[PDB]
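>>> Output the structure for:
(2 chains, ligands or ions: 2)
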Amino acid sequence: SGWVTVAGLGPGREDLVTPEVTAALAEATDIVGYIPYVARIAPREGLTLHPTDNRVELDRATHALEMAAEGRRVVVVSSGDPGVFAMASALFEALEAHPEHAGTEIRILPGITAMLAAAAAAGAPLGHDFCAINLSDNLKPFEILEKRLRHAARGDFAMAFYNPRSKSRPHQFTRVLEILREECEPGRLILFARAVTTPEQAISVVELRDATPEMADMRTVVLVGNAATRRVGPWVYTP
Amino acid sequence: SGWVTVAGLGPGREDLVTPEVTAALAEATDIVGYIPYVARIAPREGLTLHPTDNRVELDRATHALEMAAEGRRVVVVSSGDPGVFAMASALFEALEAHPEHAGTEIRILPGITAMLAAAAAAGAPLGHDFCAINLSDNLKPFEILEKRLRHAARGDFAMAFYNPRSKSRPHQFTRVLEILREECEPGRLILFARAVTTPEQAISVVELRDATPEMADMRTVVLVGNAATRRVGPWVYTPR
Ligand SMILES: Nc1ncnc2c1ncn2[C@@H]1O[C@H](CSCC[C@H](N)C(=O)O)[C@@H](O)[C@H]1O
Ligand SMILES: Nc1ncnc2c1ncn2[C@@H]1O[C@H](CSCC[C@H](N)C(=O)O)[C@@H](O)[C@H]1O
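Numbering: from 1, shown residues only, chains lettered A, B, ... in the order given. Ligands and ions are numbered 1, 2, ... in the order given. Structure data below:
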């Protein structure tokens, strides 16, 4: 029989793809995924490719499940970790909606997630209790974002922001900063980490009083230290 | 001219070590860490291993820096990712405390963290906003851990617990469940994921109401869902 595997490809560099993930890629008959993820995979004999847009999902996933039934071995690929604001959740949601697909074999395969690759490049800003928050979740009303931000601020968590800029919400990030400037000392360290692990990696470290929305974009993860996070030489860490 | 690399070995299975980390280990003159992690390192002329217990200490990091100054290529190893309640922090602490090693070349190499490896085995429990919390930090007063728990609860963050059963704070995880019952609905899914990616991996999902502390040990990472986090067959996920 066939299967569905949801594999994390890591933040970009090929030497971060686990050998686990590489093996499943060698077994697959089909690769489903967002255009530029699919493009990271060397084309080869017997491997049908199904690129897609970053939206939809659900049928993206139901489709993967329908292909398991015909004996196709399907890898749905994600950047970073598939369980971090990625395709793992859509699959199960698509699974709950279709009881006649329960019983297809499913495997979730972890990856180096963006925040930790960023952390590693900067030093150790996530070395204490930390949280991760999606800033382009359009199914999530803004009142919920604010409740996460404020409770992370007050609980003195280090933060990682995924999808800082939506342009669906043309700013929102502009708003996001305000809340931090309310809830945190102005010295709070802010890391703008863009295209981490790629040839165009650039990391900027800035205090909260000087943080502008323009400093983050589509290819950035924003790390926010807790109260004690500081510098040593070019590094950042949390004592 | 040497360096210090802090390298994550992932949660156990060899096929989860990144090729970048496998390559640093092949370059090391010196490995510092918990020897059972690296017992099968390929032997070769010049390779030396420095056994430590499985704990974060500043003194080994200082020593790592000292060797790098003799020109040694030092890999300091951590399970999982080294920036996650692990040795990368301590290295930067030892560096800040020893300005004489300012300028040392330092590389921090990520790995699969236990939470995301357990999340993977479970399905997608950390699919939404989540936080990571260390429950065996004896360097914090219990006060701060509590402030962290209640705010993660109130922001409706899913959560992961590292080091649930403290050897020297035996009755602490009992407090954490109490706080959780205090701040969350009874049917809040909790997952105990034991020895993830090893042949003795075992995962139990129970409601908070039904959960007891002896469900966790030191081989375990504990995942707490959002309020929405739910069950589909053997799998756990959060809808959007
Ligand atoms: N190589 C990279 N460098 C910096 N940020 C990245 C990145 N890859 C992904 N991101 C962050 O992740 C967002 C996409 S959401 C996908 C996250 C992915 N599943 C993971 O686990 O990492 C981007 O908007 C950006 O904030
Ligand atoms: N294979 C495994 N299975 C389950 N939990 C694990 C694990 N490896 C580490 N852990 C968890 O992590 C704690 C050690 S603290 C070190 C965390 C490590 N740097 C990481 O990034 O994952 C353990 O008490 C346990 O809660």
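>>> bridging residues for residue A:5?
residue A:75, residue A:107 (DSSP bridges).
>>> Do I have it right that it meets residue A:77?
No. Contact between residue A:5 and residue A:77 fails when scored by C-beta atoms under 8 Å: they sit 9.3 Å apart. C-beta here means a position set from N, CA and C on the backbone, and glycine is covered the same way.
>>> what about the two, which has more around it?
Neighbours per residue, other C-beta atoms under 10 Å in any protein chain shown: of residue A:5 and residue A:77, the larger number sits with residue A:77, 27 against 24.
>>> now the helix ranked longest in chain A, how far from the centre of its chain.
For chain A, the helix that runs over the most residues, judged by DSSP state H, is helix A:142-154. On the basis of C-alpha atoms, centre = their mean, to the nearest Å, helix A:142-154 sits 19 Å off its chain's mean C-alpha point.
>>> And stretch A:64-79, by the same measure?
The answer for stretch A:64-79 is 21 Å, by C-alpha atoms, centre = their mean.
>>> and that stretch, does that touch ligand 1?
Yes. Applying C-beta under 6 Å from any ligand atom, one finds stretch A:64-79 in contact with ligand 1 at A:78-79.
>>> How about chain A: which residue is closest to ligand 1?
residue A:80 (2.1 Å; C-beta to the nearest ligand atom).
>>> Wait, that residue touches residue A:12, no?
No. Counting by C-beta under 8 Å, residue A:80 does not reach residue A:12; the two are 9.0 Å apart.
>>> So the two - more neighbours on which side?
The neighbour comparison of residue A:80 against residue A:12 (other C-beta under 10 Å) goes to residue A:80, with 26 against 21.
>>> Quick check: phi and psi at the more buried one.
Per-residue torsions, residue A:80: phi 60, psi -130 (degrees, to the nearest 10).
>>> How many residues are close by the closest residue to ligand 2 within chain A?
Distances between chain A and ligand 2 by C-beta to the nearest ligand atom are smallest at residue A:116, namely 8.5 Å. Burial of residue A:116 is recorded as 31 neighbouring residues (other C-beta under 10 Å).
>>> Can you show me the helices along chain A?
With helices called from DSSP H, chain A shows them at A:19-27, A:35-38, A:59-69, A:87-96, A:114-122, A:142-154, A:173-183.
>>> Pick the most buried one from those.
helix A:114-122 (a mean of 27; mean count of other C-beta atoms under 10 Å in any protein chain shown).
>>> which one of the helices of chain A lies closest to residue A:198?
In terms of C-beta to C-beta, the element of the helices of chain A nearest to residue A:198 is helix A:114-122, at 10.2 Å.
>>> and that closest one, how far out from the chain's middle?
Here helix A:114-122 shows a centroid-to-chain-centroid distance of 12 Å under the convention C-alpha atoms, centre = their mean.
>>> ditto for stretch A:184-196
With C-alpha atoms, centre = their mean, you get 18 Å for stretch A:184-196.
>>> again, but for stretch A:92-103
24 Å.
>>> close to chain B, is that stretch?
Yes. Applying C-beta under 8 Å from any C-beta of the partner chain, one finds stretch A:92-103 touching chain B at A:92-93, A:95-96, A:102.
>>> Run through the residues of chain A sitting next to ligand 1.
Near ligand 1, when you scan chain A using C-beta under 6 Å from any ligand atom, you find A:11-12, A:78-81, A:84-86, A:113-114, A:162-164, A:193-197, A:218-221.
>>> which ones are touching the residue of chain A closest to ligand 1?
A:8-11, A:86, A:111-114, A:117 (C-beta atoms under 8 Å, 6 or more residues apart in numbering or on different chains).
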